[PDB]
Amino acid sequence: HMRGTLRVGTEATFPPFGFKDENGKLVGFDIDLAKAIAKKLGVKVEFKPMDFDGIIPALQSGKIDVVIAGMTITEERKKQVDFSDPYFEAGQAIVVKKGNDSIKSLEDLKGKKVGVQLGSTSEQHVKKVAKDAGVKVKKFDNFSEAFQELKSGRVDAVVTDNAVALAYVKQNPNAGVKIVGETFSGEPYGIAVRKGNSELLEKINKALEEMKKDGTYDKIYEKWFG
């Protein structure tokens, strides 16, 4: 059986990788990448937006064929799913109010209220420093609602991947927030397939490799980051 539709699991509160434009259309780097992969495979994408923490189980239970969701390749997740070669290297950032001087790194979150996306690597990084240090960790499926808790004063900081932190700041120029503690790598993004689906995996890796040789990938990158 030759699958003509690729069901792509993603979460769409993660600009610039996946979000909704003013007409409600899914847009972003990951969206364009998924379409460019499908073109190489000779198939059509169907997006399946869902809450992030449910994506791995959706792949395991056959609700989707692939994940393209800014998903960091980790050893824990490699137990659950198989990943492509990395397609992006991200870092992390903390977003705080402009008048904040106490928070410059993860270590400084002691005693503070911190918002994170449920199921994310940021959640894990925060949980690691939060051991003992009295951090109050709050969780959101919709990251535009962790961010709104920061703008409203309901949390002191939020933590996410660095390009996404910048995109939220740029969307909120009057909202008096800033990035601190930025790092630039350490979160390699991978496309996930169901564990054991070696035929699909190989096709996706070959598509990535070709996209990086023929200009296709670089044009996507420049569109979103140039």
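Start at 1 with the first residue shown and count on from there.
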Comparing average C-alpha B factors as deposited, tell me which of 80-88 and 122-130 sits higher. 122-130
Which is higher on mean Cα B factor in this entry, 23-31 or 185-193? 23-31
Check the PDB entry and point out which of 65, 53, 199, 161 has the largest C-alpha temperature factor. 199
Can you tell me which third, lowest, middle or highest, the CA B-factor of residue 106 falls into for its chain? highest
Split into thirds by Cα B-factor across the chain's modelled residues, where does residue 57 land: lowest, middle or highest? lowest
Hey, what third does residue 146 fall into on Cα B-factor, ranked over its chain? highest
Chain-relative C-alpha B factor for residue 96 (record values, thirds): the middle
Please say which third, lowest, middle or highest, residue 155 falls into when its CA temperature factor is compared across its chain. middle
